[PDB]
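Here the structure is laid out as structure tokens; the discussion comes afterwards.
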Amino acid sequence: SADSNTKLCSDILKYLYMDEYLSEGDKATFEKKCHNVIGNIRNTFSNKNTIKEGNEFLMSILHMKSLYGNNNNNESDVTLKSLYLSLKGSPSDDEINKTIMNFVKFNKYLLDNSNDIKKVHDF
């Protein structure tokens, strides 16, 4: 598990792609702390009542990619579905596909300063 703990913290930073924004010491402060957290998060993400903790954390990985991560494209074999199935390893493919599409539309929902102002609601 601790080996898999070292897998994810590399896999998260490979997904974040924040390489110009973090320091070399920041990655050192990163790998120590996410080694502590994820071992708890894998426990809570299993019991399906307590899934809101992992639902925010997997959202928080995606949201840091949009703001600080370089969205210049650079396949790379690491997506949300790499990260989600690693935690969910601790459902059919469609439901996994839907929850990530739920996560993608929520990140677009958070960044609608230009969108929502021009929008006029007429349902």
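Naming scheme: A, B, ... for chains in displayed order of the structure tokens; residues 1 onward per chain; ligands 1 onward as shown.
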
Quiz item: Near region 23-37 of chain A, within 12 Å and counting only C-alpha atoms, which residues show up once chain neighbours fewer than 2 positions away are dropped, as a VMD selection string?
Solution: chain A and resid 1 to 14 16 to 21 39 to 44 53 to 54 57

Quiz item: What is the distance between CA of residue 59 (chain A) and CA of residue 103 (chain A), in Å to one decimal?
Solution: 6.5 Å

Quiz item: Nearest to residue 86 (chain A): which of A:51, A:101, A:58, A:111 is it, counting only C-alpha atoms?
Solution: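 So, comparing all the options, the nearest one is A:58.
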
Quiz item: A:55, A:102, A:115, A:71: which is nearest residue 83 (chain A), counting only C-alpha atoms?
Solution: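 Once distances to residue 83 (chain A) are computed over only C-alpha atoms, the minimum belongs to A:55.
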
What's around residue 77 (chain A) at 10 Å? Count only C-alpha atoms, leave out sequence neighbours fewer than 2 positions away in its own chain, and write the answer as a JSON list (two decimals) with N, CA and C atoms, in the first residue's frame.
```
[["chain", "number", "residue", "atom", "x", "y", "z"],
["A", 11, "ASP", "N", 1.56, 9.89, -9.59],
["A", 11, "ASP", "CA", 0.52, 9.91, -10.61],
["A", 11, "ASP", "C", -0.33, 11.16, -10.53],
["A", 14, "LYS", "N", 1.93, 13.90, -12.05],
["A", 14, "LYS", "CA", 1.90, 13.69, -13.49],
["A", 14, "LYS", "C", 0.58, 14.15, -14.07],
["A", 15, "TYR", "N", -0.49, 14.09, -13.28],
["A", 15, "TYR", "CA", -1.77, 14.57, -13.76],
["A", 15, "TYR", "C", -1.91, 16.07, -13.57],
["A", 75, "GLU", "N", -0.77, 8.35, -24.98],
["A", 75, "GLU", "CA", -0.53, 9.71, -24.52],
["A", 75, "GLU", "C", 0.25, 9.70, -23.20],
["A", 79, "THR", "N", -5.11, 9.99, -16.41],
["A", 79, "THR", "CA", -6.27, 10.86, -16.45],
["A", 79, "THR", "C", -6.93, 10.81, -15.08],
["A", 81, "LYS", "N", -9.53, 8.99, -14.83],
["A", 81, "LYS", "CA", -9.94, 7.59, -14.80],
["A", 81, "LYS", "C", -8.79, 6.70, -14.35],
["A", 82, "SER", "N", -7.55, 7.17, -14.53],
["A", 82, "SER", "CA", -6.43, 6.53, -13.85],
["A", 82, "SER", "C", -6.52, 6.76, -12.35]]
```

Practice problem: Quote the spacing between CA of residue 96 (chain A) and CA of residue 108 (chain A) in Å to one decimal place. | Solution: 18.8 Å
